[PDB]
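Trainee: pasting an experimental structure with its sequence.
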Amino acid sequence: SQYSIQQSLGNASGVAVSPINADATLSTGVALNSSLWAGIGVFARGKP
Amino acid sequence: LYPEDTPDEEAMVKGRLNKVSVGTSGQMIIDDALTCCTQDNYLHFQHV
């Protein structure tokens, strides 16, 4: 309908905005400063 | 006249047929300036 925004705009009159690029700002979230311990054992209560 | 139909923008531009539309504020406008020239050069625009 109206107020809609297209993205291709191929060989026809109109206006269109491309989706945001945001590729030169790629970070990585790993949170290296975190440590957890895993172990096996024999206990009194718990799901085996 | 035919609310159930829809334009054929690409076919219209290839066939050199100016089309009406609905611009801002809701008044109908003419939204193309193509002549009857078939060659794809500067000559098919209207003002040249």
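Mentor: Good, I have the coordinates. Numbers count the residues shown, from 1 in each chain, chains lettered A, B, ... in the order given.

Trainee: pretty sure residue B:28 is touching residue B:19, no?
Mentor: No: contact criterion Cβ atoms under 8 Å: residue B:28 and residue B:19 do not qualify, at 10.9 Å. Every C-beta, even on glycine, is put in place using the N, C-alpha and C of the backbone.

Trainee: neighbour count: these two, which is higher?
Mentor: residue B:19 (15 against 9; other Cβ atoms under 10 Å in any protein chain shown).

Trainee: what distance do you get for the residue of chain B found nearest chain A to residue A:21?
Mentor: Chain A sits closest to residue B:9 of chain B, with a gap of 4.5 Å, by Cβ to the nearest Cβ. Residue B:9 sits 27 Å away from residue A:21, taking Cβ to Cβ, to the nearest Å as the criterion.

Trainee: also residue B:36?
Mentor: 40 Å.

Trainee: residues near the closest residue to residue B:13 other than its chain neighbours, how many?
Mentor: Once flanking residues are discounted, residue B:13 sits nearest to residue A:12: 5.7 Å by Cβ to Cβ, 6 or more residues apart in numbering or on different chains. Other residues lying near residue A:12 total 16 when counted by other Cβ under 10 Å.

Trainee: wait, residue A:12 touches residue B:14, no?
Mentor: No: assessed by Cβ under 8 Å, residue A:12 is found out of contact with residue B:14, at 10.1 Å.

Trainee: which neighbours do those two share?
Mentor: Counting by Cβ atoms under 8 Å, 6 or more residues apart in numbering or on different chains, residue A:12 and residue B:14 have no common neighbour.
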